[PDB]
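**Q** Sharing a structure with you now.
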Amino acid sequence: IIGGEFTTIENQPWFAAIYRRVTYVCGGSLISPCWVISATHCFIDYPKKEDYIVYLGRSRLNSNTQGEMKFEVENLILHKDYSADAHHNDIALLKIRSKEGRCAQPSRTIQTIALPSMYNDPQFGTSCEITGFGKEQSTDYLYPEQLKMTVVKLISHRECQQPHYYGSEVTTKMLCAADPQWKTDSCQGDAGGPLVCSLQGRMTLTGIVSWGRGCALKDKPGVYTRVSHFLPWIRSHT
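The UniProt record's numbering puts the sequence shown at residues 159 to 179, 185 to 248, 251 to 403.
So, in structure tokens, the structure goes:
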């Protein structure tokens, strides 16, 4: 996360920290006790489910947050229509199961996030939040030890397709979001994480961090998987 602020898991209780056996891989979001949703490009190079570890209720990258839960990946579902270069259908599902053979157990540091209703997204200009352990600066080598979050505004497909933006690289299955001053944004390491918006009432997983040209660059918004356009897929796989 470029700019923004530090936070603890209490402020984004559905955030899942995904690692590979051990280094960090990507963020994710708990949509149900047994299911975490993320981005396929995060695991494409290592599709083997047994190579991953998922944590819930974790606020620190390399330290065990008090109250956290650790899970193995019982099923790593990548999207069969995924394609790259811009990422298409960048969505993935991880069915979690602890060594005790149980799914997530809700708590003050672990809760689920509601999915959007079919094709129901906030109006462009709406402020939403993004969370992750990604770089705080494009030139950084290290990722922050403390979870971060920030606010970005939804950009219409109209605007995002403009010349100076992404033109045709962005599709209707993607959502663009950025800061009006381009001073804050998601970055390397934030992929798979949540783009949460208050949809007239409740916090809703409107998007999943997917891709972007650089980070916090003028006319280069963050691009997110448009969750409200993947409900059939999520439904059929859960």
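C-beta atoms are modelled at their ideal positions from N, C-alpha and C, and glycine is treated no differently.
Can the beta-carbon of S195 be found less than 8 Å from the beta-carbon of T277?
**A** Contact: yes.
**Q** Helix, strand or coil for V392 per DSSP?
**A** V392 falls in the helix class under three-state DSSP.
**Q** Run through the stretch 280 to 355 for me and flag every whole alpha helix (DSSP H) of 4 or more residues, listed as ranges in chain order.
**A** If we require 4 residues or more, the alpha helix (DSSP H) runs fully inside the stretch 280 to 355 come out as 322 to 326.
**Q** Since I believe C205 is in contact with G299 (beta carbons under 8 Å), could you give me their beta-carbon distance rounded to a whole number of angstroms?
**A** Their Cβ separation, rounded to whole angstroms, is 12 Å, which puts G299 and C205 out of contact at 8 Å.
**Q** Take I160 as the anchor and find which of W347, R400, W398, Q327 has the nearest alpha-carbon.
**A** Per the Cα distances, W347.
**Q** For the beta strand (DSSP E) that contains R273, what are its first and last residues?
**A** Looking at the DSSP string, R273 is not in any beta strand (DSSP E), and its letter there is neither H nor E.
**Q** Go to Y187, then tell me how far its beta strand (DSSP E) extends in each direction, as first and last residue.
**A** Looking at the DSSP string, the run of the beta strand (DSSP E) that includes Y187 is 186 to 195.
**Q** Are the beta-carbon atoms belonging to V388 and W376 less than 8 Å from one another?
**A** Cβ distance < 8 Å, so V388 and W376 count as in contact.
**Q** In terms of alpha-carbon separation, which member of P309, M283, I216, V185 lies closest to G162?
**A** Comparing Cα-Cα distances from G162 to each of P309, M283, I216, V185, the minimum goes to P309.
**Q** By the DSSP assignment, the beta strand (DSSP E) with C362 in it spans what residues?
**A** Here the beta strand (DSSP E) through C362 covers 359 to 364.
**Q** Mind the definition here: the stretch 222 to 237 touches the stretch 265 to 272 only if three or more C-beta pairs lie below 8 Å; say whether that holds.
**A** Enough Cβ pairs lie closer than 8 Å, so yes.
**Q** Taking the alpha carbon of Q353 as the reference point, which residue from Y187, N238, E334, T291 has its own alpha carbon closest?
**A** The option with the nearest alpha carbon to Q353 is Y187.
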